[PDB]
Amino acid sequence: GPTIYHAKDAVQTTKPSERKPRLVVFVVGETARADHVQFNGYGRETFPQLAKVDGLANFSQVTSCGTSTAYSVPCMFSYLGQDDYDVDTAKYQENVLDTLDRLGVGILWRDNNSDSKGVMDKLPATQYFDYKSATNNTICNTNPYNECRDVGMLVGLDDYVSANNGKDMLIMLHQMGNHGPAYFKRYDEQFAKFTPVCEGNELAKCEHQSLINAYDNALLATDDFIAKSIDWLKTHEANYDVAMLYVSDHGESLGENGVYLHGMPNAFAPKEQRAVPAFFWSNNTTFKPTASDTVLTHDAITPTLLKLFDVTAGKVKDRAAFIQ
């Protein structure tokens, strides 16, 4: 077959029948910058709800694999690491979700962003769902753009847990997040807290503060979405050990030295396109976050996902992770 394997040696060292089963939501973020999170030194509370969640760990020194969704998302789930990663061949490689699925962890991917950028392609199509349209997402009529919202991806998840009751499960929610350039469209009116707001496509012609304000209002909506994802997990914490991982795919330039948007090649790109937020929450000490200021990259995601399910694989031994 065409697949290039990397973890045929992978084994789950404790089974869900020998301990509490585990239920994890991985929010795959979009366009959020580390330096616009107050936990990392920003001067506005852009994540006020997460700031009040007990057990929410922040990671202040995370760098993305790349500067675009197409480059970063496959690398986030890769075994190869940023040094060997090749965007053009990523789809042929066994990735961490392929491994976990083979080992019996339920894999679900809901997408309100674009698609999985090849990550889900080898797995059954019934495990991938497009949440960008109102035919699948029930929450698209809350704004004048008729734009489907990330919180719609929480609806019906209890069916998945019930269908896989007693097993380990990993649910990816690929959110619209801070996708630009129309940051002002990314949030409903209750999050229009920082004003005034850039509403034009020529971002350089907006007042800089108005551009920042639109971007930060979109972060408030993501704060809300992540908090609601934690609320959902808590409804299952009697029977499951639950956890939420959030990592953004890349950052965004907002006019520094006249640069806007993202996508600059890694060798040239400014720090704002690479420094990304990451958060981890869990309900108890089954999982323990790594020290908040540990220097980490997207290479830490695959080892984190394996460790969350007690899976060992030689390819990622000694790699740092977001949990101990």
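Just count from 1 along the sequence shown to find any residue number.
When the two stretches 137-145 and 112-120 are set side by side, the higher mean Cα temperature factor goes to 137-145. A summary of the deposited B-factors shows that, of 201-209 and 183-191, the stretch with the larger mean C-alpha value is 201-209. Between the residues 174, 132, 228, 236, it is 236 that shows the highest Cα B-factor in the PDB record. Take 246, 215, 92, 77 and read off each C-alpha B-factor from the entry; 92 has the highest. Among the modelled residues of the chain, residue 161 sits in the highest third by CA temperature factor in this PDB entry. The PDB entry assigns residue 106 a C-alpha temperature factor belonging to the middle third of its chain's modelled residues. Annotation for residue 56: C-alpha temperature factor in the highest third relative to the rest of the modelled chain, per the entry. Among all modelled residues in this chain, the alpha-carbon of residue 281 has a temperature factor (C-alpha) in the middle third.
Ranked by C-alpha B-factor against the other modelled residues of its chain, residue 222 falls in the lowest third.
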